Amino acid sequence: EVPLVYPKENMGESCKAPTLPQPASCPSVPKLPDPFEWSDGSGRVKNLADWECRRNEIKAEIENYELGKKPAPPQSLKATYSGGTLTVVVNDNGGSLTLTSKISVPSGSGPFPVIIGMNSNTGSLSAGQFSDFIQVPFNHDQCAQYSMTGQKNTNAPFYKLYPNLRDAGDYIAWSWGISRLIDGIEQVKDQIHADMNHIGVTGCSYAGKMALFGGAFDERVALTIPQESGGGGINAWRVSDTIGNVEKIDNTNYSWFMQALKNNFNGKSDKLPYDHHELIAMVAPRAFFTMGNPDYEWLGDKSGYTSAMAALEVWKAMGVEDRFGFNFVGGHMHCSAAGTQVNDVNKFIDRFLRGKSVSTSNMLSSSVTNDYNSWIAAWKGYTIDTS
């Protein structure tokens, strides 16, 4: 079989860093870059061990051009569970940072699957969809302060611990904090009966982008569920440039992302060696399900829909396309899932987090349409050898 999840945050840390051309020497790839093409233009992924390194090239490209580098695991990490609260103490190069979450543990001997919500248990999905889960809220402000002015708070605890990261995007702090939570859950696992092979992550809107980066950048996340992530999330920068008045390089904020993206690629997103379809593909071969809301134009769902279809090619290539699913539909308020969305994702929570043999074969339901073949025609229908 193809792994559904991995024991380590990054199985490909041993891979060789890709070439990273200066922005002005970057080729103009006007449609969506080829996710299987090595960063140096020298061919295409062949097997699973290759995909891990291509995943790490995508990671390195996203870190280099728009987020900043996720720190490696810290030198020291101590987690404790007392009074319903998990507290995680991080030590690295003479600094400290502490995370604290009020978690809720199901009754019984276990083990229990895990759901990490952004700023809440279960995020913007209902507690009922995870009534049988360990529920761990990620209080993101304990790493970087959420805000919607395009300005950064360099005194937040992450930036105090890595002061030379004050140019990095806030999404790299948040991804790193989610990986520190999972570190602490691992440490206390036998005490709360956590099943480390069934951890999910979810959030909506800004919290949707947070969940996308969080699970893309951590291979111990067995199901990544961004909800209405919009521009800067599942949406491709390129396609969002072709539609109008959406979140895109021109108007997003440059504290969550690096100012370098605007300065080097605004009006020239064809020059990016990557796009966000490959951010989604960093989750492959693990399970992925996302929700759209075309009723809000600011989310740019034609770009999200397009980029999701592009990402699916990576699951197809590995013969696991039933681990990828979405649902685009209107008729619901932002961050409150439509009825069909609650049902669709519940099939994914059952199979990939609860372990039931539900089927998930073709859940690509969307009231949004777009010429997505136009964006992926060059590279498409590739396949990878799975041993």
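Counting begins at 1, following the sequence as shown.
>> On mean Cα temperature factor in this entry, is 137 to 145 or 241 to 249 the higher one?
In response: Result: 241 to 249.
>> Please compare 357 to 365 with 51 to 59 and name the stretch with the higher mean C-alpha B-factor in the deposited structure.
In response: According to the PDB entry, the answer is 357 to 365.
>> Can you tell me which of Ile182, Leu223, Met282, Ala317 has the maximum CA B-factor listed in the PDB entry?
In response: Max CA B-factor in the entry, restricted to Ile182, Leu223, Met282, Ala317: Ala317.
>> Can you tell me which of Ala207, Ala216, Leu299, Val114 has the maximum CA B-factor listed in the PDB entry?
In response: Going by the entry's C-alpha B-factors, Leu299 comes out highest.
> C-alpha B factor of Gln129, ranked within the chain: lowest, middle or highest third?
Replying inline: As the PDB entry reports it, the C-alpha B-factor of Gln129 lands in the middle third of its chain.
>> Can you tell me whether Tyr81 has a C-alpha B-factor in the lowest, middle or highest third compared with the other modelled residues of the same chain?
In response: As the PDB entry reports it, the C-alpha B-factor of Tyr81 lands in the highest third of its chain.
> Can you tell me which third, lowest, middle or highest, the CA B-factor of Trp38 falls into for its chain?
Replying inline: Middle third - that is where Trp38 ends up once the chain's C-alpha B-factors are sorted.
>> Quick check for you: using the entry's CA B-factors within this chain, is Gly12 in the lowest, middle or highest third?
In response: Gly12: CA B-factor falls in the lowest third of its chain.
> What third of the chain, by the recorded C-alpha B-factor, contains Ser107?
Replying inline: As the PDB entry reports it, the C-alpha B-factor of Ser107 lands in the highest third of its chain.
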